[PDB]
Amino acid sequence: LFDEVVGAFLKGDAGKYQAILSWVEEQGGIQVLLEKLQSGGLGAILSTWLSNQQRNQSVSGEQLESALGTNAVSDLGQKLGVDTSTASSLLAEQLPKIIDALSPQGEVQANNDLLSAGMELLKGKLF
């Protein structure tokens, strides 16, 4: 336990982005998550993230755990070594920024290989 606790203290939130990326793909891709947000009543909030004119509407960790499901969120928590609530809070901060970044044309290739879609977007800013 000692080395486990010391490691977690020293690491902080390092590697959160790799974890989220891997988790998105393990859950079946960004499109699965989009559909869950939509079926879970967060379609209007999601529409503000997709828009290329509007500011992202805030969402709570609880709202995301509700829409995405406890198992899905716990899957990310497990990858990070943290509890489900900490994982939902991480997603509440980062997921809107991720979805916004993936939709410069107002919709979200992101679904087939996320890292590849991300690399194209990064390179677009360098082009």
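Start at 1 with the first residue shown and count on from there.
Enquirer: How many residues that are in the deposited sequence but not in the model lie between residue 108 and residue 109: none, 1 to 3, 4 to 9, or 10 or more?
Expert: 1 to 3 residues are missing.
Enquirer: Can you let me know which of the two, 111-119 or 14-22, has the higher average C-alpha B-factor in the entry?
Expert: Taking the mean C-alpha B-factor of 111-119 and of 14-22, the larger value falls to 111-119.
Enquirer: Comparing 46-54 with 86-94, where is the mean C-alpha B-factor higher?
Expert: Mean C-alpha B-factor is greater for 46-54.
Enquirer: Would you mind ranking residue 102 by its C-alpha B-factor against the rest of the chain and naming the third, lowest, middle or highest?
Expert: Lowest third.
Enquirer: Ranking every modelled residue in this chain by its Cα temperature factor as given in the entry, which third contains residue 77?
Expert: Ranked within chain, residue 77 CA B lands in the middle tercile.
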